[PDB]
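Okay, so here's just one chain, in structure tokens, the form deposited in one PDB entry.
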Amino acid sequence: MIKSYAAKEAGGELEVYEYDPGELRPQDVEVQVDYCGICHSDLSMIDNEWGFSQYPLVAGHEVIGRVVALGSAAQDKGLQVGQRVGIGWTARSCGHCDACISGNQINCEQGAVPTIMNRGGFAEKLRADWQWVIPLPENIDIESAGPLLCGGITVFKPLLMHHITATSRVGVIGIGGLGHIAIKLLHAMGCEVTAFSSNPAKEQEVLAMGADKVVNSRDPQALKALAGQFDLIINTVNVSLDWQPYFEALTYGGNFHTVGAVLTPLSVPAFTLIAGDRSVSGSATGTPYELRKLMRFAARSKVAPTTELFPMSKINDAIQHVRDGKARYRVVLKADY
């Protein structure tokens, strides 16, 4: 049995909960949790904000841990017992559809299985397919690496999709967990970087992360002044803002890319897309290769999430901390046991 922290109903506090994982599947890897970040998606799933949560629910999906068991078909896949590894939002894919066999496992045509649906990292152990267990660079900071596995890849993927380079002008809306990692990554890439934030208390630290300037995200006149100045704007905000001034802040050929899980549909004038050949995009975390590459880049560039550590035994205080908007900038749980 595995000891975890589970929600028994939508929006509930987490209780100690033990479950039987069954036998190790042939492709499975069992990982002993050392750290696990807390992601806004974890809150969304606990609260069933998206409509597919099943209870008891063991969330957590930003895991740094060590390999403790390898399935029968997972023995010569480059992993060894004791290896420090990461697990992100996704745990399973089929491996043989066109998407998987082309290196696009996140888009598995059978549906890639989220780690949380499989029982997640708010626990002492968890399991994933070996393809989704991410090897780590030797010198990576272990305490802060966890959020890179979801927050990091999620903002890294648009940089890949839209071919961002050092000459790009990139904005980031919402400097929380995902957003602040975005700022650090763009800085390491030499880009022009603008942070859009609703909290003046964050301004000085966000400038120190590498933002060239911080703009009030809730001021339409501030955005009006930036018309046509961005190649890419990444939205990480989960609430519905006035998006039109951000569309107009795009230069010709520019992209507005949302990774924030905005429930109210975006209102996208066809005339805004036509005049300037603009685009609106989304993406879901990333692929195993993109994760491997991100972790290596972050370690070599010394891009590390700004982290607040909590003991895993105080997970309910940690979760309320995030709900209350106090995460500076990502909360990470250290496993007790």
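So that the term is clear: the rigid core is the largest set of C-alpha atoms that superpose within 1.5 Å between two forms. The first residue of the sequence shown is number 1, and the count goes up from there.
(request) Using only the Cα atoms and their B-factors as the entry lists them, report which of 298 to 306 and 60 to 68 averages higher. (result) On average, C-alpha B-factors are higher across 60 to 68.
(request) Would you mind comparing 221 to 229 and 134 to 142 for me and telling me which has the higher average C-alpha temperature factor in the entry? (result) Between 134 to 142 and 221 to 229, it is 134 to 142 that shows the higher mean C-alpha B-factor.
(request) Identify, among 268, 291, 39, 312, the residue whose C-alpha carries the highest B-factor in the deposited PDB entry. (result) Max CA B-factor in the entry, restricted to 268, 291, 39, 312: 312.
(request) Name the residue from 176, 114, 190, 82 with the greatest C-alpha temperature factor listed in the entry. (result) When the deposited C-alpha B-factors of 176, 114, 190, 82 are compared, 82 is largest.
(message) When the deposited Cα B-factors of this chain's modelled residues are ordered and cut into thirds, is residue 158 in the lowest, the middle or the highest one?
(response) Its C-alpha B-factor, which the entry lists for residue 158, ranks in the lowest third among residues of this chain.
(message) Going by the CA temperature factor in the PDB record, which third of the chain does residue 31 belong to: lowest, middle or highest?
(response) Residue 31: CA B-factor falls in the highest third of its chain.
(message) Please say which third, lowest, middle or highest, residue 122 falls into when its CA temperature factor is compared across its chain.
(response) Answer is highest: the recorded C-alpha B-factor places it there.
(request) Rank-wise, by C-alpha B-factor, drop residue 76 into the lowest, middle or highest third of its chain. (result) Residue 76: CA B-factor falls in the highest third of its chain.
(request) Among all modelled residues of this chain, ranked by Cα B factor, put residue 44 in the bottom, middle or top third, i.e. lowest, middle or highest. (result) Its C-alpha B-factor belongs to the middle third of this chain's values.
The following text describes the form deposited in another entry, which does not appear among the structures shown.
(message) Once the rigid core is superposed, exactly one of 213, 77, 84, 187 has its CA displaced by 2 Å or more between the shown form and the other one; which residue is that?
(response) Among the listed residues, the one whose C-alpha moves by 2 Å or more is 213.
(request) Using a superposition on the rigid core, decide whether the Cα position of residue 200 changes by 2 angstroms or more between the shown form and the other one. (result) Yes, shifts by 2 Å or more.
(request) Tell me, please, whether between the shown form and the other one the C-alpha of residue 225 is shifted by 2 Å or more, with the rigid core used for superposition. (result) Moves: yes, 2 Å or greater.
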